[PDB]
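Along the sequence shown, residues carry numbers from 1. Just so it is clear, the values below take in all heavy atoms, side chains as well, and ignore hydrogens, waters and symmetry mates.
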Amino acid sequence: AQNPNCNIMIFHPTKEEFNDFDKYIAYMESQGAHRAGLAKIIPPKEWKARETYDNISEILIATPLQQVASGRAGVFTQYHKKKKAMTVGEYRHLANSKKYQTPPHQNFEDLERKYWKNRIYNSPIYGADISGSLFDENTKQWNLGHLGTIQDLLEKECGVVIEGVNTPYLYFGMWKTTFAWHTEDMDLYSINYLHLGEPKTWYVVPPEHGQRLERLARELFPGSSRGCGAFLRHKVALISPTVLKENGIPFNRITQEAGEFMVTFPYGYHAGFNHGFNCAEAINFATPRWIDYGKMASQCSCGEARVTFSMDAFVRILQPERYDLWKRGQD
Ligand SMILES: O=C(O)CNC(=O)C(=O)O
Ligand SMILES: [Mg+2]
Ligand code: NI
Ligand SMILES: [Zn+2]
């Protein structure tokens with residue numbers, strides 16, 4: 001079995017190898033990459049996402065989210081308070097202000113220490129989940145707005161024809177902006193490109209051990225667990241590496257820098273934080289190997305997780321027994 005310790009793998013495709021996206025994903029899995037839950041892909045030196053970022057300040061962040069924490073430094077939840085709209089130029093200036101800017105630090109490890117010590121005492125503002133793309137239309141390789149759609153994958157593998165669409169999302173971050181522990185909708189893959197700015201640190205649990213994380217989360221957030229049998233779908237809970245290690249949960253960590261892709265694999269729980277002002281683009285995708293994960297994915301029906309239009313068909317076709325209850329949660 002390849003990668004039996006479930007380490008995060010880093011890939012350096014050549015420009016030739018960068019042509020066929022599906023083929024390269026399957027290659028990485030042949031080497032055991034999926035066992036980690038997360039892989040890094042460094043693009044060939046000849047590739048670029050777009051010519052310059054010199055013109056992005058006019059993008060609007062219609063609903064910036066202030067991420068307010070509750071709990072203790074290593075075990076907390078965050079709620080999102082909606083803020084007034086602002087442009088990316090306005091948001092960048094805010095990120096760089098004395099109140100929000102990255103503190104002085106020695107290296108990524110020192111910054112990580114500072115994040116886990118102090119995160120809860122601040123409320124950074126995240127421009128998350130903005131439909132759109134920063135890839136040039138002329139970028140033909142690994143262009144996250146030109147991928148094969150999940151609906152087309154389901155049609156090719158299973159024969160069924162369904163409504164729905166599959167588009168990318170932009171994320172504008174600042175110091176301490178946080179993504180809570182989660183798997184993707186329907187335990188899909190994700191791919192994330194860091195277009196510019198400061199790094200993003202990731203934590204990940206191997207898919208084969210995801211239920212260990214779920215059991216810890218039920219212990220650590222016991223009221224949330226009674227409320228919902230899949231409350232990690234709410235995307236609000238944080239658990240630090242120190243707490244994970246104290247509880248014997250297998251995990252790995254890695255830092256993504258501008259110009260790099262990360263892939264999350266089906267049922268790979270992940271969480272992390274931004275180092276400073278940055279912009280990422282991400283989208284969900286599927287392969288043949290996903291279908292069995294989609295059939296088994298948990299679902300929130302309590303009403304909190306509320307998701308896209310396109311998830312309806314996935315539940316309806318892959319999980320017809322659950323459909324009625326899950327749709328009550330949506331309505
Ligand atoms: O970058 C972020 O805030 C969160 N991204 C992801 O969870 C992802 O790409 O799957
Ligand atoms: Mg602009
Ligand atoms: Ni994700
Ligand atoms: Zn729920």
**Student:** Can you sort out the partners of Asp110 under side-chain hydrogen bond (donor to acceptor under 3.5 Å, both in side chains), two or more places apart, ordered by chain and number?
**Tutor:**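 In terms of side-chain hydrogen bond (donor to acceptor under 3.5 Å, both in side chains), with neighbours along the sequence ignored, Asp110 is linked to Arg113.
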**Student:** Side-chain donor-acceptor contacts of residues 257-266 below 3.5 Å, not counting sequence neighbours, with atom names and distances?
**Tutor:**
{"from": "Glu260", "atom 1": "OE1", "to": "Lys40", "atom 2": "NZ", "distance (Å)": "2.8"}
{"from": "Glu260", "atom 1": "OE1", "to": "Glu257", "atom 2": "N", "distance (Å)": "2.9"}
{"from": "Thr264", "atom 1": "OG1", "to": "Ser190", "atom 2": "N", "distance (Å)": "3.4"}
{"from": "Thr264", "atom 1": "OG1", "to": "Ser190", "atom 2": "OG", "distance (Å)": "2.8"}

**Student:** Assert yes or no for the condition that the ring centre distance of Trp142 to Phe135 is strictly below 6.0 Å.
**Tutor:**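 Centroid distance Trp142-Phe135: not below 6.0 Å, so no.
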**Student:** On the 0 to 90° scale, with breaks at 30° and 60°, tag the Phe273-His275 ring pair as parallel, tilted or perpendicular.
**Tutor:**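 Because their plane-to-plane angle is under 30°, the rings of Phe273 and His275 count as parallel.
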**Student:** Please find out if less than 6.0 Å separates the ring center of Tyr203 from that of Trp116.
**Tutor:**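 For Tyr203 and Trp116, the ring centres are under 6.0 Å apart.
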**Student:** Quick one: ring pair (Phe, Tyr, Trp, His ring centres under 6.0 Å) partners of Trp181, sequence neighbours excluded?
**Tutor:**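 If we apply the ring pair (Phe, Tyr, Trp, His ring centres under 6.0 Å) test to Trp181, skipping adjacent residues, there are no hits.
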**Student:** Test of understanding: with side-chain hydrogen bond (donor to acceptor under 3.5 Å, both in side chains), list the residues that count as partners of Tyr189, not counting sequence neighbours.
**Tutor:**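 side-chain hydrogen bond (donor to acceptor under 3.5 Å, both in side chains) list for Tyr189, sorted by chain: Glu29, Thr287.
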**Student:** Specify whether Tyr27 and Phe11 have parallel, tilted or perpendicular ring planes, treating 30° as the upper limit for parallel and 60° as the lower limit for perpendicular.
**Tutor:**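 If you compare the ring of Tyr27 with that of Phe11, the planes turn out perpendicular.
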**Student:** I'd like to know if the side chain of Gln211 pairs up with that of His209 as donor and acceptor (distance under 3.5 Å, no hydrogens or angles considered).
**Tutor:**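 No, because no side-chain N or O of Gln211 sits under 3.5 Å from a partner of the opposite role on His209.
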**Student:** Output, in order, the C-alpha distance, side-chain angles, deciding distance and verdict of side chain to side chain donor-acceptor pair (under 3.5 Å) for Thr183 and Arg233.
**Tutor:** CA-CA 8 Å; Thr183 64; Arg233 294 285 168 207; 3.3 Å; yes
**Student:** Just grab all the side chain to side chain donor-acceptor pair (under 3.5 Å) pairs involving residues 94-109, residues at least two apart or on different chains.
**Tutor:**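 Applying side chain to side chain donor-acceptor pair (under 3.5 Å) to every pair that reaches into residues 94-109, excluding sequence neighbours, yields nothing.
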**Student:** Restricting to side-chain hydrogen bond (donor to acceptor under 3.5 Å, both in side chains), what partner residues turn up for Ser133, sequence neighbours left out?
**Tutor:**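 Listed in chain order: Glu281.
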